[PDB]
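Asker: Have a look at this one.
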Amino acid sequence: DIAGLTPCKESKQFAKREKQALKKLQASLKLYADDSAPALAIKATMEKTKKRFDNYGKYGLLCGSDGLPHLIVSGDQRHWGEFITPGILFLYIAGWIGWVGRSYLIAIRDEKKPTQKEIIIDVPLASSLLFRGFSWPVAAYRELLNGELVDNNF
Amino acid sequence: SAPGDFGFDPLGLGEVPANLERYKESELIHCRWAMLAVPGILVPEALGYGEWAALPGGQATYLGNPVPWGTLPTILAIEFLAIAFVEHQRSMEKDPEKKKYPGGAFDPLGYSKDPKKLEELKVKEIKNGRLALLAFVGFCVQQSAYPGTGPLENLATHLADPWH
Amino acid sequence: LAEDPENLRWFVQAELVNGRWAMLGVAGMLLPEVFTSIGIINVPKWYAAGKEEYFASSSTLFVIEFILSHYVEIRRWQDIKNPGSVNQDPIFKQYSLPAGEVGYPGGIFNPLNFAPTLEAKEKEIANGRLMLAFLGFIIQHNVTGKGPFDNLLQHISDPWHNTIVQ
Amino acid sequence: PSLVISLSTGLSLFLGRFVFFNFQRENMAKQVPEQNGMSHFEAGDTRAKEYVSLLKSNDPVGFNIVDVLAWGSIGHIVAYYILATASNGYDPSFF
Ligand code: CLA
Ligand SMILES: CC(=CC=C/C(C)=C/C=C/C=C(C)/C=C/C=C(C)/C=C/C1=C(C)CCCC1(C)C)/C=C/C1=C(C)CCCC1(C)C
Ligand SMILES: CC1=C(/C=C/C(C)=C/C=C/C(C)=C\C=C\C=C(C)\C=C\C=C(C)\C=C\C2=C(C)CCCC2(C)C)C(C)(C)CCC1
Ligand SMILES: CCCCCCCCCCCCO[C@H]1O[C@H](CO)[C@@H](O[C@H]2O[C@H](CO)[C@@H](O)[C@H](O)[C@H]2O)[C@H](O)[C@H]1O
C-alpha cells in the first residue's frame, strides 16, 4: 500500500523470488534418495520455506522492488503490530528483567556483612522477587514515581 | 489549564492580576469590534439590501492611479501609527502617587496598590472576560476550519466528528 | 522509610470501581439468555429509541456521554486527595466519618467498615471479583463462540472446534 | 502583483528614523565617548544599556517614512525641479 508495493495478494517481483532462488533448490536432478531415508532438501527446508506458497499467512507486508518485504508500522492500512505488538512486548519483558534488577539488589546492603553476596546468587534469578514483574500490574508506573524510589531517595 | 493554579508576583501575579487581563479587556472589546463585525448576519431577516466587498473600486478611486494597489494597504498603513497614540499613554503610569522617579515608596501598610486600575470590586468584568475569551478561542472554531459556505441548516441531528 | 505500606486510599479504592463496574458490565450480557435470542457484540446502538429520527448517525454518541462522565469523574478526584463525597461509602465506605483508621496513615492489613444498617461492603466483597475475572472470562471466550447451556441431548459436552486461531 | 516598493518604501521607513541627530544639539557621535582610546575599565566588560531611551522622536520623525515614501515614491519623485539642466540633467519619469 505505502511506498513499496502491495502485500502478497500481488507482488510479481516477490513471486520470482519464491521461485528461482529456492526452487533451484532443485538443481539436483536427482541426488540419490529415490526411496532413501535421509537427505532432506527434498522434504521441507524447501516446503518449510516453500509450502509458504502464495500464502505466508497473508500479513499484508509491503514488499518493495526485488520484493523483499519492508516494514512501515505507522499504525494504519494494515501494519500496526510490526513494532507495537512486538514493541510493548520488548518493553514488558525487559523492565521485568530490571524491575528485578532493582530487586535482587535492593534486597541487600543490610543484616550482617553483605559485601559480594552477589558473585553467588541468593535466590537463583532471585526466585522470590521472580514474578514481581507479571505481578506488576501498574507497579513502577506509580510506586517508582511516588514513594520508595521517592524524590527523597532521588 | 494555564490558570491551573500557579504564579507568584511581578512575573506570576504582577503580569496578570488585572494588567494582562486588563489588556485582555482589549481582547474582549476587539471581540466587541469583531462581534460588531460578525453580526453582519449577526441577525437573520433584516436587509442589507446590500461596505467594501470582494474589490470593485475602493473609496473613490482617486484622481490618479491608486497609490499602491488594493483597498488594503491604504487603510492599513495608517492604522498602526494613529493607534500607537493610546499605548504610549497606557504605558506611562505607576499605581500609587505620581511625581517623577521620586524618593522612596515600596511598602509600609496599604501595600503598594492594586493594578493601578484594580478590580475596584466589580468582579464581573472578568466573569464576562474569560467568558468571552473562551468563546473567541473556543467554538469560534465552529467557524475557523472549512467555512467556505455559510448558513443553511436542513434538519437531521448535530455534530460531525473528526475529519477532513 | 517507610518500612512498608502504605498506599491506601490508594488502591483499595483502586478496586471497588473495578468490582462494581465489572458487576454492571455483566448486566450487559445478562439479557439474551432466558427468553434469549439477541446479543453478542451486537454492537448495540444500543437500545435505540423512537421512530422519529436518527438514522445511522445523529451522533458520535458514545463519543459525548463521556465528556460528561468526564467532569463527574474529576469529581470523584475532587474527592480522594481530600475526602469529599457526602454518603462517603466508597473512600473507606459510609457509616459517615469513620473507617479512616486508615485515612491518617498506618495500615499493614486494615479490613475496614460501612453500613449502618447494617453489615458490609463485603459480600459485596465477593460479588466484587466474581464479576471482575468474569469479564476476563466473558471477553475471553468470544475470540471463539457466544452462548450457554441447553440439556443432555448433545450440547454441554464440547464436540469439535478449531484451535485458537491458530 | 508585488508591492516591491511596498517595502523599500518600508525599509527607509526606518533608517531616516535615521536622519536623526547629525543636526540637533551638539557634535557627532554623542562625541566619541569611548570608541578609540578605550573605556574604563568598563571591564567585565562592559557598559552602557538603558531600557529607558526609546522616545525622542517616536512621535516626531516617525513622519520621515511618509516623506520620500509619499509624493517621492509611487507619485513621481519631485516634479518641482529645474535648477540647472543642460550638461544634461533630466532625469525623466520612468513612471
Ligand atoms: C540489572 C541491571 C541493570 C540495570 C537496571 C541497568 C540500567 C542501566 N544501565 Mg546498565 N549495565 C548492567 C546492568 C544494568 N544496567 C551491566 C551488568 C553492565 C555491564 C557493565 C551495564 C553497562 C552499562 C553501560 C556502559 C551503560 C549502562 C547504562 C544503563 C542505564 C541505561 C540503560 C541502557 O540502555 O543500557 C542497557 C543495559 C545494559 C547494556 C546492561 C547489560 C546487563 C544487563 C543485561 C543486566 C541483566 C540482569 C543481570 C543478569 C543481573 C542478574 C539478576 C540477579 C537478580 C540474579 C540504565 C540505568 C548506560 C548509562 O549509564 O546511562 C543511564 C551506559 O551506557 N549500563
Ligand atoms: C526480551 C528480549 C530480549 C533480549 C535480548 C537482550 C536484552 C539482549 C541484551 C544484551 C545486553 C548486552 C549485550 C550488554 C552488553 C554490555 C556491554 C556491551 C557493555 C560494554 C561496556 C561496559 C560494560 C561499560 C562501558 C565500557 C564497555 C563499552 C566495554 C526481546 C525479545 C523479543 C524478541 C526476540 C524480538 C521481538 C520483541 C521481543 C518479543 C520482546
Ligand atoms: C510513539 C512512538 C515513538 C515516540 C517516541 C518518543 C517521543 C520518544 C521519547 C521518549 C522518551 C522521552 C523517553 C524518556 C522517558 C523518560 C524517562 C525518565 C524514562 C524512564 C525511566 C526509567 C527510570 C526506567 C527505569 C527502569 C525500569 C522501569 C526498568 C528497570 C529499572 C529501570 C532503571 C530499568 C517512537 C519515537 C518510539 C517511534 C514511533 C513510536
Ligand atoms: C495522575 C497522574 C499524575 C498526575 C500528576 C499531576 C501532574 C500533571 C502535570 C501537569 C502540570 C502541567 O505542566 C506542564 O504542562 C505541559 C508540560 O508538562 C505544558 O503546558 C501545556 O499545558 C499547560 C497547562 O498546564 C499550558 O502550558 C498549555 O496548555 C501547554 O503549554 C508545560 O510544558 C508544563 O507546564
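Simple scheme: letters A, B, ... for chains in C-alpha cells order, numbers from 1 for residues in each chain, numbers from 1 for ligands in the order shown.
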Within 12 Å of chain A, which residues belong to chain C? Use only C-alpha atoms and report them as a count of residues only.

Answerer: 12

Asker: Taking 5 positions as the minimum chain separation for residues in the same chain, which residues sit within 9 Å of segment 81-94 of chain B when counting only C-alpha atoms? Answer as a PDB file with C-alpha atoms, in the first residue's frame.

Answerer:
ATOM      1  CA  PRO B 115      -3.255  47.086  39.158  1.00  0.00           C
ATOM      2  CA  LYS B 116      -3.445  50.938  39.266  1.00  0.00           C
TER       3      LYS B 116
ATOM      4  CA  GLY D  62       8.015  58.760  12.575  1.00  0.00           C
TER       5      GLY D  62
END

Asker: Please extract the residues at most 8 Å from ligand 4, counting only C-alpha atoms and all ligand atoms, and provide them as a ChimeraX atom specification, using the chain letters and residue numbers of this document.

Answerer: /B:1-4

Asker: Report the distance between atom CA of residue 111 of chain C and atom CA of residue 94 of chain C in Å, rounded to one decimal place.

Answerer: 14.4 Å

Asker: For ligand 2, return the neighbouring residues as a PyMOL selection string (distance at most 7 Å; only C-alpha atoms and all ligand atoms).

Answerer: chain A and resi 86-87+89-91+93-94

Asker: Produce a file of the selected residues containing N, CA and C atoms, as a PDB file, in the first residue's frame.

Answerer:
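Generated file (again.pdb):
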ATOM      1  N   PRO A  86       5.008  -6.281  18.842  1.00  0.00           N
ATOM      2  CA  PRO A  86       6.235  -6.822  19.328  1.00  0.00           C
ATOM      3  C   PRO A  86       7.096  -5.732  19.969  1.00  0.00           C
ATOM      4  N   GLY A  87       6.483  -4.576  20.258  1.00  0.00           N
ATOM      5  CA  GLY A  87       7.185  -3.441  20.871  1.00  0.00           C
ATOM      6  C   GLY A  87       6.920  -3.386  22.358  1.00  0.00           C
ATOM      7  N   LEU A  89       5.780  -5.666  23.872  1.00  0.00           N
ATOM      8  CA  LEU A  89       6.328  -6.951  24.222  1.00  0.00           C
ATOM      9  C   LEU A  89       7.788  -6.813  24.647  1.00  0.00           C
ATOM     10  N   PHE A  90       8.635  -6.155  23.833  1.00  0.00           N
ATOM     11  CA  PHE A  90      10.036  -5.890  24.237  1.00  0.00           C
ATOM     12  C   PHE A  90      10.137  -5.075  25.513  1.00  0.00           C
ATOM     13  N   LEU A  91       9.255  -4.084  25.649  1.00  0.00           N
ATOM     14  CA  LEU A  91       9.240  -3.301  26.855  1.00  0.00           C
ATOM     15  C   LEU A  91       8.914  -4.203  28.024  1.00  0.00           C
ATOM     16  N   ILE A  93       8.838  -7.355  28.715  1.00  0.00           N
ATOM     17  CA  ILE A  93       9.831  -8.399  29.012  1.00  0.00           C
ATOM     18  C   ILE A  93      11.087  -7.820  29.739  1.00  0.00           C
ATOM     19  N   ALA A  94      11.849  -6.956  29.058  1.00  0.00           N
ATOM     20  CA  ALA A  94      12.779  -6.095  29.764  1.00  0.00           C
ATOM     21  C   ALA A  94      11.964  -5.261  30.786  1.00  0.00           C
TER      22      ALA A  94
END

Asker: Please identify every polymer residue within 12 Å of ligand 3, using only C-alpha atoms and all ligand atoms, and present the set as a ChimeraX atom specification.

Answerer: /A:72-75,80-85,87-88,90-106,132-133,136,138-145,149-150,154

Asker: What are the residues of chain D lining chain B at 12 Å or less? Count only C-alpha atoms, and put the answer as a ChimeraX atom specification.

Answerer: /D:1-7,9-10,13,52,54-55,58-60,62-63,65-66,69-76,95

Asker: To one decimal place in Å, what is the distance between atom CA of residue 93 of chain D and atom CA of residue 79 of chain D?

Answerer: 9.0 Å

Asker: Considering only alpha helix (DSSP H) as DSSP defines it on the backbone, what residues of segment 16-126 of chain C qualify? List them as a PyMOL selection string.

Answerer: chain C and resi 16-30+61-80

Asker: Please report as a tab-separated table every residue of chain B lying within 7 Å of chain C, along with the nearest atom pair and their distance in Å (one decimal), using only C-alpha atoms.

Answerer:
residue	atom	partner	partner_atom	distance
B:156	CA	C:58	CA	6.8
B:157	CA	C:58	CA	4.7
B:158	CA	C:58	CA	6.5
B:159	CA	C:59	CA	6.6
B:161	CA	C:60	CA	6.8

Asker: Keeping only N, CA and C atoms, write the selected residues as a compact mmCIF listing (two decimals), in the first residue's frame.

Answerer:
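Written file, part31.txt:
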# COMPACT_ATOMS: atom_id res chain seq x y z
N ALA B 156 -31.60 17.24 10.81
CA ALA B 156 -31.00 15.93 10.95
C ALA B 156 -30.67 15.68 12.42
N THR B 157 -29.50 16.14 12.85
CA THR B 157 -29.04 15.94 14.21
C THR B 157 -28.19 17.13 14.69
N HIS B 158 -26.90 16.89 14.91
CA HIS B 158 -25.94 17.88 15.43
C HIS B 158 -24.57 17.23 15.53
N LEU B 159 -23.50 17.98 15.24
CA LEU B 159 -22.11 17.48 15.31
C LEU B 159 -21.71 16.67 14.06
N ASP B 161 -17.75 15.04 14.16
CA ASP B 161 -16.63 14.13 14.42
C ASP B 161 -15.28 14.56 13.88

Asker: Can you measure atom CA of residue 34 of chain B to atom CA of residue 47 of chain B for me? One decimal in Å is fine.

Answerer: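 Value for the atom CA of residue 34 of chain B-atom CA of residue 47 of chain B distance: 20.2 Å.
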
Asker: Quick one: residues within 9 Å of residue 26 of chain A, only C-alpha atoms, excluding same-chain residues fewer than 3 positions away - as a list in words?

Answerer: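 Once the adjacent positions are removed, what remains is residues 22, 23, 29, 30, 41 and 42 of chain A.
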
Asker: Please produce an output containing N, CA, C and O atoms for each residue in the selection, written as an mmCIF file, in the first residue's frame.

Answerer:
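Output (out-v7.cif):
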data_model
loop_
_atom_site.group_PDB
_atom_site.id
_atom_site.type_symbol
_atom_site.label_atom_id
_atom_site.label_comp_id
_atom_site.auth_asym_id
_atom_site.auth_seq_id
_atom_site.Cartn_x
_atom_site.Cartn_y
_atom_site.Cartn_z
ATOM 1 N N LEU A 22 14.674 -20.274 -4.520
ATOM 2 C CA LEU A 22 14.552 -21.526 -3.875
ATOM 3 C C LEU A 22 14.777 -22.646 -4.835
ATOM 4 O O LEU A 22 15.596 -23.457 -4.589
ATOM 5 N N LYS A 23 14.032 -22.722 -5.908
ATOM 6 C CA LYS A 23 13.440 -23.963 -6.296
ATOM 7 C C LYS A 23 14.512 -24.671 -6.987
ATOM 8 O O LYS A 23 14.317 -25.645 -7.667
ATOM 9 N N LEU A 29 19.219 -33.003 -10.203
ATOM 10 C CA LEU A 29 18.114 -33.506 -10.927
ATOM 11 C C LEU A 29 17.628 -34.451 -9.927
ATOM 12 O O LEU A 29 16.716 -34.195 -9.190
ATOM 13 N N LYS A 30 18.404 -35.477 -9.756
ATOM 14 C CA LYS A 30 18.307 -36.313 -8.606
ATOM 15 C C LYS A 30 19.521 -36.110 -7.767
ATOM 16 O O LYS A 30 20.187 -35.105 -7.831
ATOM 17 N N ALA A 41 16.524 -32.044 1.668
ATOM 18 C CA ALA A 41 16.212 -30.789 0.974
ATOM 19 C C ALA A 41 14.827 -31.061 0.473
ATOM 20 O O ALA A 41 13.834 -30.489 0.944
ATOM 21 N N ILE A 42 14.806 -31.944 -0.524
ATOM 22 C CA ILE A 42 13.736 -32.939 -0.745
ATOM 23 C C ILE A 42 12.398 -32.626 -0.016
ATOM 24 O O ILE A 42 11.458 -32.115 -0.621
#

Asker: Please identify all polymer residues within 6 Å of residue 7 of chain A, counting only C-alpha atoms, omitting same-chain residues fewer than 3 positions from it, and present them as a list in words.

Answerer: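 My list of contacting residues is residues 60, 61 and 62 of chain A.
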
Asker: I'd like the neighbourhood of residue 95 of chain C as JSON, numbers by chain, where a residue qualifies if any of its atoms comes within 6 Å (using only C-alpha atoms), though same-chain residues fewer than 3 positions away should be ignored.

Answerer: {"C": [114, 115, 116]}

Asker: Write out, as a PDB file, in the first residue's frame, the residues just selected, with N, CA and C atoms.

Answerer:
ATOM      1  N   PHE C 114     -18.554  -0.419  56.930  1.00  0.00           N
ATOM      2  CA  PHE C 114     -19.528   0.599  56.376  1.00  0.00           C
ATOM      3  C   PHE C 114     -20.929   0.351  55.813  1.00  0.00           C
ATOM      4  N   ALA C 115     -21.788  -0.215  56.621  1.00  0.00           N
ATOM      5  CA  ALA C 115     -23.174   0.036  56.531  1.00  0.00           C
ATOM      6  C   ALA C 115     -23.504   0.400  57.945  1.00  0.00           C
ATOM      7  N   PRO C 116     -24.276   1.449  58.179  1.00  0.00           N
ATOM      8  CA  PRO C 116     -25.132   1.479  59.349  1.00  0.00           C
ATOM      9  C   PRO C 116     -26.038   0.351  58.957  1.00  0.00           C
TER      10      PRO C 116
END

Asker: Name all residues at most 8 Å from segment 128-139 of chain B (count only C-alpha atoms; drop same-chain ones fewer than 4 positions away) and give them as a ChimeraX atom specification.

Answerer: /B:24-25,27-28,31,124,143

Asker: Skipping near chain neighbours, those fewer than 2 positions away, what residues fall within 10 Å of segment 146-158 of chain C using only C-alpha atoms, listed as a list in words?

Answerer: residues 32, 33, 36, 37, 39, 40, 41, 138, 139, 141, 142, 143, 144, 160 and 161 of chain C

Asker: Kindly export the residues of the current selection with N, CA, C and O atoms, as a PDB file, in the first residue's frame.

Answerer:
ATOM      1  N   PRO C  32     -29.638 -11.662  27.005  1.00  0.00           N
ATOM      2  CA  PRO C  32     -30.036 -12.554  25.887  1.00  0.00           C
ATOM      3  C   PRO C  32     -30.055 -14.056  26.208  1.00  0.00           C
ATOM      4  O   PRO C  32     -29.939 -14.902  25.278  1.00  0.00           O
ATOM      5  N   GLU C  33     -30.231 -14.383  27.492  1.00  0.00           N
ATOM      6  CA  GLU C  33     -30.017 -15.739  27.943  1.00  0.00           C
ATOM      7  C   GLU C  33     -31.222 -16.573  28.337  1.00  0.00           C
ATOM      8  O   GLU C  33     -31.125 -17.794  28.181  1.00  0.00           O
ATOM      9  N   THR C  36     -34.250 -15.647  25.317  1.00  0.00           N
ATOM     10  CA  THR C  36     -32.864 -15.453  24.921  1.00  0.00           C
ATOM     11  C   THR C  36     -32.591 -14.407  23.838  1.00  0.00           C
ATOM     12  O   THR C  36     -32.230 -13.250  24.116  1.00  0.00           O
ATOM     13  N   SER C  37     -32.950 -14.811  22.626  1.00  0.00           N
ATOM     14  CA  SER C  37     -32.056 -14.868  21.434  1.00  0.00           C
ATOM     15  C   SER C  37     -31.004 -13.779  20.941  1.00  0.00           C
ATOM     16  O   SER C  37     -30.336 -14.009  19.898  1.00  0.00           O
ATOM     17  N   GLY C  39     -27.920 -10.847  21.148  1.00  0.00           N
ATOM     18  CA  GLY C  39     -26.725 -10.148  21.613  1.00  0.00           C
ATOM     19  C   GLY C  39     -25.443 -10.106  20.782  1.00  0.00           C
ATOM     20  O   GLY C  39     -25.354  -9.389  19.810  1.00  0.00           O
ATOM     21  N   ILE C  40     -24.475 -10.929  21.158  1.00  0.00           N
ATOM     22  CA  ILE C  40     -23.035 -10.646  21.154  1.00  0.00           C
ATOM     23  C   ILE C  40     -22.772  -9.208  20.839  1.00  0.00           C
ATOM     24  O   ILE C  40     -23.668  -8.420  21.021  1.00  0.00           O
ATOM     25  N   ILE C  41     -21.543  -8.877  20.457  1.00  0.00           N
ATOM     26  CA  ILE C  41     -21.163  -7.507  20.242  1.00  0.00           C
ATOM     27  C   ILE C  41     -22.436  -6.808  19.997  1.00  0.00           C
ATOM     28  O   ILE C  41     -22.822  -5.911  20.705  1.00  0.00           O
ATOM     29  N   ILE C 138     -15.702 -13.533  30.361  1.00  0.00           N
ATOM     30  CA  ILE C 138     -16.630 -13.146  29.310  1.00  0.00           C
ATOM     31  C   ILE C 138     -15.883 -12.856  27.987  1.00  0.00           C
ATOM     32  O   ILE C 138     -15.853 -13.733  27.097  1.00  0.00           O
ATOM     33  N   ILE C 139     -15.241 -11.688  27.847  1.00  0.00           N
ATOM     34  CA  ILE C 139     -14.448 -11.450  26.623  1.00  0.00           C
ATOM     35  C   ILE C 139     -13.080 -12.114  26.766  1.00  0.00           C
ATOM     36  O   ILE C 139     -12.012 -11.515  26.565  1.00  0.00           O
ATOM     37  N   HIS C 141     -13.837 -15.774  26.009  1.00  0.00           N
ATOM     38  CA  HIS C 141     -14.269 -16.865  25.213  1.00  0.00           C
ATOM     39  C   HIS C 141     -14.826 -16.499  23.862  1.00  0.00           C
ATOM     40  O   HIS C 141     -14.661 -17.293  22.922  1.00  0.00           O
ATOM     41  N   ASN C 142     -15.470 -15.325  23.735  1.00  0.00           N
ATOM     42  CA  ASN C 142     -15.809 -14.811  22.395  1.00  0.00           C
ATOM     43  C   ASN C 142     -14.550 -15.259  21.666  1.00  0.00           C
ATOM     44  O   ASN C 142     -14.307 -16.451  21.632  1.00  0.00           O
ATOM     45  N   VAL C 143     -13.707 -14.363  21.151  1.00  0.00           N
ATOM     46  CA  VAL C 143     -12.493 -14.810  20.425  1.00  0.00           C
ATOM     47  C   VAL C 143     -12.589 -16.342  20.189  1.00  0.00           C
ATOM     48  O   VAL C 143     -11.579 -17.070  20.243  1.00  0.00           O
ATOM     49  N   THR C 144     -13.855 -16.785  19.983  1.00  0.00           N
ATOM     50  CA  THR C 144     -14.363 -18.140  19.582  1.00  0.00           C
ATOM     51  C   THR C 144     -15.673 -18.624  20.285  1.00  0.00           C
ATOM     52  O   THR C 144     -15.628 -19.500  21.147  1.00  0.00           O
ATOM     53  N   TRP C 160     -16.590 -30.554  18.744  1.00  0.00           N
ATOM     54  CA  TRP C 160     -15.440 -30.310  17.880  1.00  0.00           C
ATOM     55  C   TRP C 160     -15.349 -28.840  17.489  1.00  0.00           C
ATOM     56  O   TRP C 160     -16.324 -28.258  17.000  1.00  0.00           O
ATOM     57  N   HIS C 161     -14.183 -28.264  17.674  1.00  0.00           N
ATOM     58  CA  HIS C 161     -13.915 -26.902  17.309  1.00  0.00           C
ATOM     59  C   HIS C 161     -12.436 -26.931  16.969  1.00  0.00           C
ATOM     60  O   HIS C 161     -11.913 -27.957  16.678  1.00  0.00           O
TER      61      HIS C 161
END
